[PDB]
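Scroll down for the structure; my scribbles are underneath it.
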Amino acid sequence: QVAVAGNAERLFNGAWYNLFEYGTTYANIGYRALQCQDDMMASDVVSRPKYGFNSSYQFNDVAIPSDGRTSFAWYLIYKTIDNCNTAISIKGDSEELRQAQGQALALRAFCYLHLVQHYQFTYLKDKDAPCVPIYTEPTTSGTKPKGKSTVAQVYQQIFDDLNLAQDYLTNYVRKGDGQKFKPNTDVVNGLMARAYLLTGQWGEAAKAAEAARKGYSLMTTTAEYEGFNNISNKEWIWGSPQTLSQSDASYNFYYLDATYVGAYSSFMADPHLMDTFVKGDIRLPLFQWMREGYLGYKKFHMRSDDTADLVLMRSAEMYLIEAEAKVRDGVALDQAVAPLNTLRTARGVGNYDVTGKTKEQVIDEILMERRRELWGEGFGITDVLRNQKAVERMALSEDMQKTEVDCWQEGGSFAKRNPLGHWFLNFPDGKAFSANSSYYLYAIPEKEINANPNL
C-alpha cells in the first residue's frame with residue numbers, strides 16, 4: 001500500500017521538527033538560534049547585553065571546541081541529516097514517496113550547505129580543504145564514525161541531492177500556505193542558486209534565482225514589511241509555521257523583537273547601517289531610538305499568541321543573488337542591476353545609477369543591500385565568509401555619542417538618552433578584525449573529536 005510514503009513523510013516531518021524545535025538551553029532552541037548566532041557574530045547587529053547572544057557578539061562561543069552552542073549546532077544538523085537519510089533509504093514506488101524523499105533530499109542538501117559554510121573557509125578560497133564527515137546512509141549500531149570529506153566533496157553531495165530533489169518534486173504542488181515548510185521546485189532552485197553562487201557558477205546562479213522566485217511578488221509598503229512573522233507573506237518561498245501547540249522556536253523572538261515588553265530585545269541595529277538607507281525607503285520608519293539609547297529596528301514581532309512563523313527564503317534574496325551573479329558573470333552593468341532595481345523600486349527607492357561605477361563598486365552596493373534587506377534573517381557571517389571579508393564594526397563618533405536622542409520606552413513613553421552603537425570593535429586576542437579568521441568558523445565539538453578517531 002501507500003503507507004510506505006507515509007513513513008518517509010513521517011521521517012521528514014520528524015527531521016523538520018528536530019531542526020526547529022530541538023533545544024539544549026534557552027539560548028539554543030533549533031535552527032533559529034543558529035540564525036541569531038550568525039547575524040550577531042557579524043557586522044550589523046549591536047548587542048544589548050543579555051542572556052543569549054552577547055557571547056556571539058564578543059566571539060566567545062562557537063569557535064570554542066568545548067562550548068555548549070558548539071555542541072548543540074553540530075548534533076542538531078547531523079540529527080536532521082540522519083532522519084533525512086532514513087527517509088531517502090526507504091524502498092518503494094509511488095508518486096507520494098518520491099515527493100517525500102525529494103523533500104528529504106532537499107533538506108539534506110540544506111544541512112550540508114549549512115555545514116560546508118560554517119566549518120571551513122569558502123569554496124573559492126580552497127575547494128579541496130578538509131571540511132566535515134558526509135553520512136548518507138541511516139545511522140545504525142554497525143555504523144563507524146567517518147573522517148572529513150573536502151569542501152568540494154560536500155558541494156558535490158549538495159548538488160547530487162538537489163538534482164535528485166528537482167526530479168522527484170516535478171509534480172509536487174503545495175496544498176496551502178501551511179505547507180510552505182515542505183520543499184518544492186521553487187525551494188530546490190533557491191538552494192541551487194545559493195550553491196551555484198558559493199561555487200562561483202555565476203551564470204547558473206542567476207538562472208536558478210530568477211526561476212526560484214516564480215509566482216512570488218515583493219512587498220511595497222512599510223505596514224507589510226513590519227513583522228516578519230507570517231508564512232502567508234507573498235515574498236516567503238520557504239518558512240516554518242509556528243502554532244500554540246508547536247512553538248518552541250518562537251522563544252527566539254524574545255531576542256529579536258525590539259519592542260517586546262519584558263523579554264530580552266537584545267538584537268539592536270548598527271546606526272551606521274541605518275545611514276545607508278535612502279529617504280523614502282519603506283524600511284526606514286522601522287528604525288527607532290529606544291530603551292538605553294540603542295537604535296531598534298522593528299523588523300521582527302511576536303504575534304498576539306506569542307508565536308511567530310520562521311522565514312527561510314524570500315523573493316528579495318532571489319533578486320539579490322541574480323544581481324550579484326550577473327555582475328560577476330560579466331553581464332553589462334546596466335542589465336546586471338535590473339533585479340537590484342526591481343527590489344529598490346519595491347522598497348520605494350529610485351534606480352541605482354551604474355554610470356562611472358566599476359563592477360567592484362556595483363558588487364559592493366549589492367552586498368550592502370543584502371545587509372540592509374536580510375538583516376536578522378541569518379545571512380551575516382556566511383556572507384562575510386563567502387566574500388572573504390572581515391567583520392566590520394565602528395563605534396558612533398564622539399560628537400554623535402555626545403548627542404541626545406528621543407528614545408521609546410516599554411510604556412510608549414519617551415525619554416532622552418545618548419545614542420549607542422557598536423562597542424566590541426576588535427577580536428578578543430586584541431587583533432583587528434580580519435578576513436578568513438578562525439573566529440568566524442564554528443568548531444567541530446570536543447565530544448565528536450573525542451569519539452571519532454578520524455578527526
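Within each chain, counting starts at residue 1; across the C-alpha cells, chains are named A, B, ... in the order shown, with ligands numbered 1 upward in that order.
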
Query raised in the report: Residues at most 7 Å from segment 382-396 of chain A, counting only C-alpha atoms, excluding those fewer than 4 positions away in the same chain, as a list in words?
Result: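 After dropping sequence-adjacent residues, the list is residues 42, 43, 117, 121, 122, 198, 400, 401, 421, 422, 423, 425, 433, 434, 435 and 436 of chain A.
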
**Report entry** Polymer residues at most 9 Å from segment 66-76 of chain A, only C-alpha atoms, same-chain spacing of 6 or more positions, as a list in words
**Finding:**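 Everything that qualifies: residues 18, 19, 22, 23, 24, 25, 27, 28, 29, 30, 31, 34, 60, 115, 442, 443, 444, 445, 446, 447 and 448 of chain A.
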
Would you export the selected residues with N, CA, C and O atoms as an mmCIF file, in the first residue's frame, please?
```cif
data_model
loop_
_atom_site.group_PDB
_atom_site.id
_atom_site.type_symbol
_atom_site.label_atom_id
_atom_site.label_comp_id
_atom_site.auth_asym_id
_atom_site.auth_seq_id
_atom_site.Cartn_x
_atom_site.Cartn_y
_atom_site.Cartn_z
ATOM 1 N N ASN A 18 12.786 18.354 14.494
ATOM 2 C CA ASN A 18 14.082 18.420 15.188
ATOM 3 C C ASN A 18 14.836 19.724 14.919
ATOM 4 O O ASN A 18 15.251 20.420 15.846
ATOM 5 N N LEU A 19 15.009 20.034 13.635
ATOM 6 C CA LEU A 19 15.785 21.191 13.213
ATOM 7 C C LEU A 19 15.307 22.481 13.855
ATOM 8 O O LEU A 19 16.126 23.329 14.194
ATOM 9 N N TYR A 22 14.143 21.490 18.502
ATOM 10 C CA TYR A 22 15.080 20.858 19.438
ATOM 11 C C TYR A 22 16.008 21.897 20.056
ATOM 12 O O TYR A 22 16.645 22.674 19.338
ATOM 13 N N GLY A 23 16.068 21.898 21.389
ATOM 14 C CA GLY A 23 16.839 22.890 22.131
ATOM 15 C C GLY A 23 17.496 22.349 23.387
ATOM 16 O O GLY A 23 16.846 21.700 24.196
ATOM 17 N N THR A 24 18.784 22.649 23.566
ATOM 18 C CA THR A 24 19.523 22.183 24.754
ATOM 19 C C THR A 24 19.356 23.161 25.944
ATOM 20 O O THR A 24 19.333 22.748 27.121
ATOM 21 N N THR A 25 19.229 24.445 25.612
ATOM 22 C CA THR A 25 19.074 25.520 26.584
ATOM 23 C C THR A 25 18.092 26.550 26.006
ATOM 24 O O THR A 25 17.529 26.331 24.931
ATOM 25 N N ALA A 27 18.994 29.627 25.010
ATOM 26 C CA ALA A 27 19.749 30.359 24.015
ATOM 27 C C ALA A 27 20.095 29.452 22.813
ATOM 28 O O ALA A 27 20.725 29.898 21.867
ATOM 29 N N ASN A 28 19.675 28.186 22.870
ATOM 30 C CA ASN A 28 19.991 27.190 21.846
ATOM 31 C C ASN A 28 18.758 26.352 21.489
ATOM 32 O O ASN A 28 18.811 25.129 21.584
ATOM 33 N N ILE A 29 17.648 27.004 21.117
ATOM 34 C CA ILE A 29 16.457 26.307 20.596
ATOM 35 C C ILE A 29 16.431 26.323 19.045
ATOM 36 O O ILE A 29 16.142 27.356 18.416
ATOM 37 N N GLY A 30 16.765 25.184 18.434
ATOM 38 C CA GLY A 30 16.586 24.988 16.981
ATOM 39 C C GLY A 30 17.441 25.811 16.034
ATOM 40 O O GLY A 30 18.372 26.493 16.450
ATOM 41 N N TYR A 31 17.104 25.759 14.740
ATOM 42 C CA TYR A 31 17.888 26.441 13.709
ATOM 43 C C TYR A 31 17.855 27.980 13.815
ATOM 44 O O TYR A 31 18.784 28.658 13.391
ATOM 45 N N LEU A 34 20.752 29.431 15.630
ATOM 46 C CA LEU A 34 21.905 29.498 14.730
ATOM 47 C C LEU A 34 21.846 30.689 13.761
ATOM 48 O O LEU A 34 22.895 31.267 13.407
ATOM 49 N N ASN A 60 32.839 34.682 21.554
ATOM 50 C CA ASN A 60 33.066 33.874 22.750
ATOM 51 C C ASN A 60 32.084 32.709 22.853
ATOM 52 O O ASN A 60 31.457 32.508 23.892
ATOM 53 N N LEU A 115 26.656 23.117 6.823
ATOM 54 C CA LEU A 115 27.896 22.536 7.312
ATOM 55 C C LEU A 115 29.146 23.029 6.592
ATOM 56 O O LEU A 115 30.111 23.414 7.257
ATOM 57 N N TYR A 442 32.441 27.975 13.077
ATOM 58 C CA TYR A 442 32.024 27.061 14.133
ATOM 59 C C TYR A 442 33.129 26.004 14.276
ATOM 60 O O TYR A 442 33.702 25.581 13.272
ATOM 61 N N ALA A 443 33.378 25.536 15.501
ATOM 62 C CA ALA A 443 34.354 24.466 15.741
ATOM 63 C C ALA A 443 33.672 23.099 15.720
ATOM 64 O O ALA A 443 32.525 22.970 16.160
ATOM 65 N N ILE A 444 34.363 22.073 15.236
ATOM 66 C CA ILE A 444 33.847 20.721 15.428
ATOM 67 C C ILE A 444 33.934 20.466 16.945
ATOM 68 O O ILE A 444 34.983 20.723 17.557
ATOM 69 N N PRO A 445 32.827 20.006 17.569
ATOM 70 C CA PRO A 445 32.827 19.963 19.029
ATOM 71 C C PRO A 445 33.731 18.873 19.631
ATOM 72 O O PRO A 445 33.994 17.860 18.978
ATOM 73 N N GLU A 446 34.190 19.107 20.868
ATOM 74 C CA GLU A 446 35.037 18.165 21.614
ATOM 75 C C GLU A 446 34.453 16.746 21.606
ATOM 76 O O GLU A 446 35.168 15.769 21.381
ATOM 77 N N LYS A 447 33.153 16.648 21.847
ATOM 78 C CA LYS A 447 32.515 15.346 22.018
ATOM 79 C C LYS A 447 32.671 14.505 20.772
ATOM 80 O O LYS A 447 32.918 13.312 20.880
ATOM 81 N N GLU A 448 32.528 15.131 19.599
ATOM 82 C CA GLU A 448 32.772 14.464 18.313
ATOM 83 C C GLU A 448 34.244 14.081 18.189
ATOM 84 O O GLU A 448 34.567 12.915 17.923
#
```

Report task. Compare A:108, A:175, A:314, A:291 by their minimum atom-to-atom distance to residue 264 of chain A, counting only C-alpha atoms, and give me the closest one. Result ->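 Of A:108, A:175, A:314, A:291, the one nearest residue 264 of chain A is A:291, counting only C-alpha atoms.
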
Taking the chain letters and numbering used in this document, name the residues of segment 205-343 of chain A that DSSP puts in strand (DSSP E), as a PDB file with N, CA and C atoms, in the first residue's frame.
```pdb
ATOM      1  N   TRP A 236       7.660  35.125   0.881  1.00  0.00           N
ATOM      2  CA  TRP A 236       8.220  33.935   1.534  1.00  0.00           C
ATOM      3  C   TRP A 236       8.075  32.728   0.615  1.00  0.00           C
ATOM      4  N   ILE A 237       9.208  32.229   0.140  1.00  0.00           N
ATOM      5  CA  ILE A 237       9.264  30.995  -0.653  1.00  0.00           C
ATOM      6  C   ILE A 237       9.348  29.754   0.248  1.00  0.00           C
ATOM      7  N   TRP A 238       9.809  29.941   1.495  1.00  0.00           N
ATOM      8  CA  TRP A 238      10.103  28.831   2.424  1.00  0.00           C
ATOM      9  C   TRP A 238      10.100  29.382   3.840  1.00  0.00           C
ATOM     10  N   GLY A 239       9.414  28.688   4.743  1.00  0.00           N
ATOM     11  CA  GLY A 239       9.467  29.009   6.172  1.00  0.00           C
ATOM     12  C   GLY A 239       8.912  27.901   7.041  1.00  0.00           C
ATOM     13  N   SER A 240       8.958  28.096   8.353  1.00  0.00           N
ATOM     14  CA  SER A 240       8.379  27.127   9.264  1.00  0.00           C
ATOM     15  C   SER A 240       7.196  27.731  10.030  1.00  0.00           C
ATOM     16  N   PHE A 267      18.773  42.245  20.056  1.00  0.00           N
ATOM     17  CA  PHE A 267      19.271  42.488  18.689  1.00  0.00           C
ATOM     18  C   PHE A 267      18.981  43.930  18.263  1.00  0.00           C
ATOM     19  N   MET A 268      19.894  44.845  18.586  1.00  0.00           N
ATOM     20  CA  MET A 268      19.746  46.245  18.167  1.00  0.00           C
ATOM     21  C   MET A 268      20.498  46.444  16.843  1.00  0.00           C
ATOM     22  N   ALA A 269      20.210  47.530  16.114  1.00  0.00           N
ATOM     23  CA  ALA A 269      20.807  47.748  14.788  1.00  0.00           C
ATOM     24  C   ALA A 269      21.991  48.702  14.857  1.00  0.00           C
ATOM     25  N   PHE A 287      13.196  51.856  11.933  1.00  0.00           N
ATOM     26  CA  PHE A 287      14.225  52.264  12.895  1.00  0.00           C
ATOM     27  C   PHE A 287      13.642  53.194  13.962  1.00  0.00           C
ATOM     28  N   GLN A 288      14.143  53.075  15.185  1.00  0.00           N
ATOM     29  CA  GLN A 288      13.579  53.786  16.331  1.00  0.00           C
ATOM     30  C   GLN A 288      14.578  53.764  17.480  1.00  0.00           C
ATOM     31  N   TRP A 289      15.047  54.944  17.889  1.00  0.00           N
ATOM     32  CA  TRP A 289      15.877  55.053  19.078  1.00  0.00           C
ATOM     33  C   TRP A 289      15.013  54.658  20.272  1.00  0.00           C
ATOM     34  N   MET A 290      15.579  53.865  21.167  1.00  0.00           N
ATOM     35  CA  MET A 290      14.782  53.265  22.232  1.00  0.00           C
ATOM     36  C   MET A 290      15.604  52.863  23.432  1.00  0.00           C
ATOM     37  N   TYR A 294      19.862  52.652  22.365  1.00  0.00           N
ATOM     38  CA  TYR A 294      20.106  51.829  21.196  1.00  0.00           C
ATOM     39  C   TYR A 294      19.131  52.189  20.085  1.00  0.00           C
ATOM     40  N   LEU A 295      19.573  52.002  18.837  1.00  0.00           N
ATOM     41  CA  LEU A 295      18.707  52.109  17.672  1.00  0.00           C
ATOM     42  C   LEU A 295      18.041  50.757  17.441  1.00  0.00           C
ATOM     43  N   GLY A 296      16.752  50.662  17.749  1.00  0.00           N
ATOM     44  CA  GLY A 296      15.971  49.472  17.396  1.00  0.00           C
ATOM     45  C   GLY A 296      15.673  49.432  15.900  1.00  0.00           C
ATOM     46  N   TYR A 297      15.368  48.246  15.389  1.00  0.00           N
ATOM     47  CA  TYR A 297      14.878  48.085  14.025  1.00  0.00           C
ATOM     48  C   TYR A 297      13.714  47.116  14.164  1.00  0.00           C
ATOM     49  N   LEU A 310       8.664  31.238  11.000  1.00  0.00           N
ATOM     50  CA  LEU A 310      10.112  31.374  10.832  1.00  0.00           C
ATOM     51  C   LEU A 310      10.498  31.400   9.346  1.00  0.00           C
ATOM     52  N   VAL A 311      10.971  32.552   8.871  1.00  0.00           N
ATOM     53  CA  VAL A 311      11.337  32.738   7.445  1.00  0.00           C
ATOM     54  C   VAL A 311      12.642  32.011   7.114  1.00  0.00           C
ATOM     55  N   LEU A 312      12.700  31.368   5.942  1.00  0.00           N
ATOM     56  CA  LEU A 312      13.933  30.697   5.485  1.00  0.00           C
ATOM     57  C   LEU A 312      14.410  31.105   4.093  1.00  0.00           C
ATOM     58  N   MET A 313      13.502  31.611   3.261  1.00  0.00           N
ATOM     59  CA  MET A 313      13.838  32.039   1.891  1.00  0.00           C
ATOM     60  C   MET A 313      12.768  32.949   1.325  1.00  0.00           C
ATOM     61  N   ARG A 314      13.203  34.139   0.883  1.00  0.00           N
ATOM     62  CA  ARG A 314      12.338  35.159   0.305  1.00  0.00           C
ATOM     63  C   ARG A 314      12.720  35.529  -1.126  1.00  0.00           C
TER      64      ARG A 314
END
```

Query raised in the report: What does the distance between atom CA of residue 84 of chain A and atom CA of residue 107 of chain A come to in Å, to one decimal place?
Result: 7.2 Å

**Report entry** Spatial neighbours of residue 273 of chain A, max dist 10 Å, only C-alpha atoms, sep filter under 4 positions, as a PyMOL selection string
**Finding:** chain A and resi 43-45+269+277+368+371-372+375

Residues from the last selection, N, CA and C atoms, saved as an mmCIF file, in the first residue's frame:
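What landed in out-v6.cif:
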```cif
data_model
loop_
_atom_site.group_PDB
_atom_site.id
_atom_site.type_symbol
_atom_site.label_atom_id
_atom_site.label_comp_id
_atom_site.auth_asym_id
_atom_site.auth_seq_id
_atom_site.Cartn_x
_atom_site.Cartn_y
_atom_site.Cartn_z
ATOM 1 N N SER A 43 28.406 41.892 11.378
ATOM 2 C CA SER A 43 28.729 43.335 11.323
ATOM 3 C C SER A 43 27.587 44.291 11.654
ATOM 4 N N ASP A 44 26.350 43.812 11.565
ATOM 5 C CA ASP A 44 25.199 44.717 11.515
ATOM 6 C C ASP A 44 24.304 44.713 12.752
ATOM 7 N N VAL A 45 24.577 43.839 13.716
ATOM 8 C CA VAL A 45 23.790 43.799 14.934
ATOM 9 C C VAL A 45 24.626 44.290 16.117
ATOM 10 N N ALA A 269 20.210 47.530 16.114
ATOM 11 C CA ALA A 269 20.807 47.748 14.788
ATOM 12 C C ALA A 269 21.991 48.702 14.857
ATOM 13 N N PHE A 277 20.456 53.926 4.243
ATOM 14 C CA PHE A 277 19.112 53.899 3.651
ATOM 15 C C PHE A 277 18.771 55.239 3.009
ATOM 16 N N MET A 368 25.862 45.539 0.264
ATOM 17 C CA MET A 368 25.267 46.430 1.255
ATOM 18 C C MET A 368 23.750 46.271 1.260
ATOM 19 N N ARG A 371 22.837 43.211 3.307
ATOM 20 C CA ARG A 371 22.907 43.533 4.737
ATOM 21 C C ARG A 371 21.706 44.365 5.205
ATOM 22 N N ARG A 372 21.244 45.293 4.376
ATOM 23 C CA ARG A 372 20.032 46.059 4.715
ATOM 24 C C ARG A 372 18.774 45.199 4.729
ATOM 25 N N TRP A 375 18.808 41.742 7.055
ATOM 26 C CA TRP A 375 19.157 41.944 8.469
ATOM 27 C C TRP A 375 18.346 41.049 9.392
#
```

Requested in this report: Go ahead and compute the interatomic distance for atom CA of residue 234 of chain A and atom CA of residue 335 of chain A, in Å to one decimal.
Outcome: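 Atom CA of residue 335 of chain A lies at a distance of 25.6 Å from atom CA of residue 234 of chain A.
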
Query raised in the report: If we count only C-alpha atoms, what is near segment 159-164 of chain A at a cut-off of 7 Å, once residues fewer than 6 positions away on the same chain are taken out, given as a list in words?
Result: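 That gives residues 102, 105, 106, 109, 188 and 192 of chain A.
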
Requested in this report: Could you tell me which of A:88, A:41, A:308, A:223 comes closest to residue 252 of chain A if we count only C-alpha atoms?
Outcome: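 Closest candidate: A:308.
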
Report task. Find the residues near residue 95 of chain A: any atom within 12 Å, counting only C-alpha atoms, skip ones fewer than 3 places away on the same chain, and give them as a list in words. Result -> residues 2, 4, 5, 6, 8, 92, 98, 99, 100, 101, 102, 167, 168, 169, 170, 171, 172 and 173 of chain A

Could you write out that same residue set with N, CA and C atoms as an mmCIF file, in the first residue's frame?
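Contents of part_16.cif, freshly written:
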```
data_model
loop_
_atom_site.group_PDB
_atom_site.id
_atom_site.type_symbol
_atom_site.label_atom_id
_atom_site.label_comp_id
_atom_site.auth_asym_id
_atom_site.auth_seq_id
_atom_site.Cartn_x
_atom_site.Cartn_y
_atom_site.Cartn_z
ATOM 1 N N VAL A 2 0.206 2.423 0.146
ATOM 2 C CA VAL A 2 0.874 3.731 0.157
ATOM 3 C C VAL A 2 1.238 4.196 1.573
ATOM 4 N N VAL A 4 3.905 3.239 2.942
ATOM 5 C CA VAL A 4 5.349 3.452 2.795
ATOM 6 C C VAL A 4 5.701 4.927 2.575
ATOM 7 N N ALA A 5 4.891 5.626 1.778
ATOM 8 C CA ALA A 5 5.068 7.069 1.568
ATOM 9 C C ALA A 5 4.773 7.835 2.858
ATOM 10 N N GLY A 6 3.809 7.333 3.634
ATOM 11 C CA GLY A 6 3.523 7.854 4.975
ATOM 12 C C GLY A 6 4.718 7.777 5.914
ATOM 13 N N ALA A 8 8.097 7.725 4.976
ATOM 14 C CA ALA A 8 9.061 8.725 4.517
ATOM 15 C C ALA A 8 8.587 10.103 4.935
ATOM 16 N N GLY A 92 10.509 1.543 -2.383
ATOM 17 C CA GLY A 92 9.106 1.724 -2.738
ATOM 18 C C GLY A 92 8.960 2.369 -4.097
ATOM 19 N N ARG A 98 8.225 9.437 -3.609
ATOM 20 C CA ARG A 98 9.265 10.166 -4.327
ATOM 21 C C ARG A 98 9.238 11.654 -3.973
ATOM 22 N N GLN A 99 8.039 12.202 -3.795
ATOM 23 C CA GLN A 99 7.894 13.582 -3.325
ATOM 24 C C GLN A 99 8.448 13.767 -1.906
ATOM 25 N N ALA A 100 8.050 12.868 -0.996
ATOM 26 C CA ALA A 100 8.514 12.867 0.393
ATOM 27 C C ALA A 100 10.041 12.779 0.469
ATOM 28 N N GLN A 101 10.612 11.855 -0.301
ATOM 29 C CA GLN A 101 12.068 11.699 -0.388
ATOM 30 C C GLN A 101 12.737 12.897 -1.075
ATOM 31 N N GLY A 102 12.064 13.472 -2.073
ATOM 32 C CA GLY A 102 12.526 14.717 -2.697
ATOM 33 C C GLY A 102 12.703 15.801 -1.641
ATOM 34 N N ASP A 167 14.120 16.468 -9.717
ATOM 35 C CA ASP A 167 13.492 15.356 -10.419
ATOM 36 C C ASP A 167 12.291 14.804 -9.642
ATOM 37 N N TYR A 168 12.458 14.574 -8.339
ATOM 38 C CA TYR A 168 11.397 13.991 -7.507
ATOM 39 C C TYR A 168 10.233 14.923 -7.165
ATOM 40 N N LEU A 169 10.478 16.231 -7.153
ATOM 41 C CA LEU A 169 9.425 17.206 -6.844
ATOM 42 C C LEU A 169 8.809 17.863 -8.100
ATOM 43 N N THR A 170 9.007 17.257 -9.279
ATOM 44 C CA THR A 170 8.497 17.842 -10.526
ATOM 45 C C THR A 170 6.998 18.076 -10.446
ATOM 46 N N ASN A 171 6.243 17.058 -10.029
ATOM 47 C CA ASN A 171 4.789 17.164 -9.964
ATOM 48 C C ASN A 171 4.221 17.606 -8.621
ATOM 49 N N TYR A 172 5.071 17.955 -7.647
ATOM 50 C CA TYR A 172 4.586 18.289 -6.297
ATOM 51 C C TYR A 172 4.029 19.720 -6.207
ATOM 52 N N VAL A 173 2.762 19.839 -5.812
ATOM 53 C CA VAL A 173 2.134 21.144 -5.568
ATOM 54 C C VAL A 173 1.753 21.279 -4.095
#
```

Query - Residue with smallest distance to residue 48 of chain A - pool A:315, A:265, A:356, A:284, counting only C-alpha atoms - result: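 Checking each of A:315, A:265, A:356, A:284 against residue 48 of chain A, counting only C-alpha atoms, the winner is A:265.
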
Requested in this report: Report the distance between atom CA of residue 37 of chain A and atom CA of residue 114 of chain A in Å, rounded to one decimal place.
Outcome: 13.0 Å

Query raised in the report: Got a sec: who's within 12 Å of residue 453 of chain A, counting only C-alpha atoms, leaving out chain neighbours fewer than 2 positions off, as a PyMOL selection string?
Result: chain A and resi 144-148+446-451+455

Restricting it to N, CA, C and O atoms, dump the selection as a JSON list (two decimals), in the first residue's frame.
```json
[["chain", "number", "residue", "atom", "x", "y", "z"],
["A", 144, "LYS", "N", 30.31, 3.07, 11.77],
["A", 144, "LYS", "CA", 31.51, 3.66, 12.35],
["A", 144, "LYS", "C", 31.53, 5.17, 12.03],
["A", 144, "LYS", "O", 30.93, 5.60, 11.04],
["A", 145, "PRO", "N", 32.21, 5.98, 12.87],
["A", 145, "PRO", "CA", 32.43, 7.39, 12.51],
["A", 145, "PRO", "C", 33.32, 7.54, 11.26],
["A", 145, "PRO", "O", 34.13, 6.66, 10.97],
["A", 146, "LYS", "N", 33.17, 8.65, 10.55],
["A", 146, "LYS", "CA", 33.91, 8.91, 9.31],
["A", 146, "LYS", "C", 34.85, 10.11, 9.44],
["A", 146, "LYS", "O", 34.58, 11.06, 10.18],
["A", 147, "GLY", "N", 35.95, 10.06, 8.69],
["A", 147, "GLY", "CA", 36.84, 11.20, 8.54],
["A", 147, "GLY", "C", 36.19, 12.31, 7.73],
["A", 147, "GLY", "O", 35.08, 12.16, 7.21],
["A", 148, "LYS", "N", 36.89, 13.44, 7.63],
["A", 148, "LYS", "CA", 36.41, 14.60, 6.86],
["A", 148, "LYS", "C", 36.43, 14.38, 5.35],
["A", 148, "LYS", "O", 37.41, 13.85, 4.80],
["A", 446, "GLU", "N", 34.19, 19.11, 20.87],
["A", 446, "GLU", "CA", 35.04, 18.16, 21.61],
["A", 446, "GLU", "C", 34.45, 16.75, 21.61],
["A", 446, "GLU", "O", 35.17, 15.77, 21.38],
["A", 447, "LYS", "N", 33.15, 16.65, 21.85],
["A", 447, "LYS", "CA", 32.52, 15.35, 22.02],
["A", 447, "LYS", "C", 32.67, 14.51, 20.77],
["A", 447, "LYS", "O", 32.92, 13.31, 20.88],
["A", 448, "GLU", "N", 32.53, 15.13, 19.60],
["A", 448, "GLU", "CA", 32.77, 14.46, 18.31],
["A", 448, "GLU", "C", 34.24, 14.08, 18.19],
["A", 448, "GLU", "O", 34.57, 12.91, 17.92],
["A", 449, "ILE", "N", 35.13, 15.06, 18.38],
["A", 449, "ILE", "CA", 36.58, 14.82, 18.29],
["A", 449, "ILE", "C", 37.03, 13.63, 19.16],
["A", 449, "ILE", "O", 37.76, 12.74, 18.70],
["A", 450, "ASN", "N", 36.60, 13.61, 20.41],
["A", 450, "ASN", "CA", 36.98, 12.54, 21.34],
["A", 450, "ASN", "C", 36.49, 11.16, 20.90],
["A", 450, "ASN", "O", 37.19, 10.17, 21.07],
["A", 451, "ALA", "N", 35.28, 11.12, 20.34],
["A", 451, "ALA", "CA", 34.65, 9.86, 19.91],
["A", 451, "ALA", "C", 35.05, 9.38, 18.52],
["A", 451, "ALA", "O", 34.93, 8.19, 18.23],
["A", 455, "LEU", "N", 39.40, 12.34, 13.14],
["A", 455, "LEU", "CA", 39.46, 13.81, 13.10],
["A", 455, "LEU", "C", 40.71, 14.34, 13.81],
["A", 455, "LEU", "O", 41.32, 13.65, 14.64]]
```

Query - Using only C-alpha atoms: which of A:40, A:97, A:318, A:33 has the shortest distance to residue 191 of chain A - result: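 Among A:40, A:97, A:318, A:33, it is A:318 that comes nearest to residue 191 of chain A.
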
Query raised in the report: A:321, A:129, A:366, A:113: which is nearest residue 157 of chain A, counting only C-alpha atoms?
Result: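 Once distances to residue 157 of chain A are computed over only C-alpha atoms, the minimum belongs to A:113.
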
**Report entry** Using only C-alpha atoms: which of A:208, A:346, A:323, A:331 has the shortest distance to residue 365 of chain A
**Finding:**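 Using only C-alpha atoms, residue 365 of chain A sits closest to A:323.
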
Using backbone DSSP assignments, extract all helix (DSSP H, G or I) residues from segment 172-204 of chain A; output them as a compact mmCIF listing (two decimals) with N, CA and C atoms, in the first residue's frame.
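Saved the output as states-v2.txt:
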```txt
# COMPACT_ATOMS: atom_id res chain seq x y z
N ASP A 177 -0.63 27.52 2.31
CA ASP A 177 0.48 28.28 2.91
C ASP A 177 1.08 27.62 4.17
N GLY A 178 0.30 26.78 4.84
CA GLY A 178 0.78 25.96 5.97
C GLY A 178 1.76 24.85 5.58
N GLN A 179 1.78 24.53 4.28
CA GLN A 179 2.69 23.54 3.71
C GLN A 179 3.93 24.17 3.09
N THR A 185 9.67 22.71 -5.93
CA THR A 185 10.57 23.08 -7.03
C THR A 185 11.20 24.46 -6.79
N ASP A 186 10.41 25.41 -6.35
CA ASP A 186 10.94 26.77 -6.04
C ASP A 186 12.10 26.69 -5.02
N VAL A 187 11.93 25.89 -3.96
CA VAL A 187 12.95 25.78 -2.94
C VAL A 187 14.21 25.11 -3.50
N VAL A 188 14.05 24.03 -4.26
CA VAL A 188 15.22 23.45 -4.89
C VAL A 188 16.03 24.40 -5.77
N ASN A 189 15.35 25.32 -6.46
CA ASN A 189 16.02 26.29 -7.32
C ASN A 189 16.68 27.36 -6.47
N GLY A 190 16.03 27.71 -5.38
CA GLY A 190 16.64 28.62 -4.41
C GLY A 190 17.94 28.09 -3.84
N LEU A 191 17.94 26.83 -3.42
CA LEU A 191 19.12 26.20 -2.84
C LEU A 191 20.22 26.00 -3.88
N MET A 192 19.82 25.63 -5.10
CA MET A 192 20.73 25.57 -6.23
C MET A 192 21.37 26.94 -6.47
N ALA A 193 20.53 27.97 -6.49
CA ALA A 193 21.00 29.36 -6.60
C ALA A 193 22.09 29.64 -5.55
N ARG A 194 21.83 29.32 -4.29
CA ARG A 194 22.82 29.54 -3.23
C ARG A 194 24.10 28.74 -3.49
N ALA A 195 23.93 27.46 -3.81
CA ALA A 195 25.05 26.59 -4.12
C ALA A 195 25.89 27.06 -5.29
N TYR A 196 25.25 27.42 -6.41
CA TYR A 196 25.98 27.92 -7.58
C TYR A 196 26.77 29.15 -7.22
N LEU A 197 26.11 30.05 -6.50
CA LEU A 197 26.76 31.29 -6.07
C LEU A 197 28.02 30.97 -5.26
N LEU A 198 27.93 29.98 -4.36
CA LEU A 198 29.04 29.63 -3.45
C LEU A 198 30.21 28.96 -4.17
N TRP A 202 28.43 31.68 -11.76
CA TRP A 202 27.62 32.90 -11.74
C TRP A 202 26.42 32.81 -12.69
N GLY A 203 26.64 32.28 -13.89
CA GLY A 203 25.57 32.17 -14.88
C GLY A 203 24.43 31.31 -14.36
N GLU A 204 24.80 30.11 -13.90
CA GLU A 204 23.85 29.19 -13.27
C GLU A 204 23.17 29.81 -12.05
```
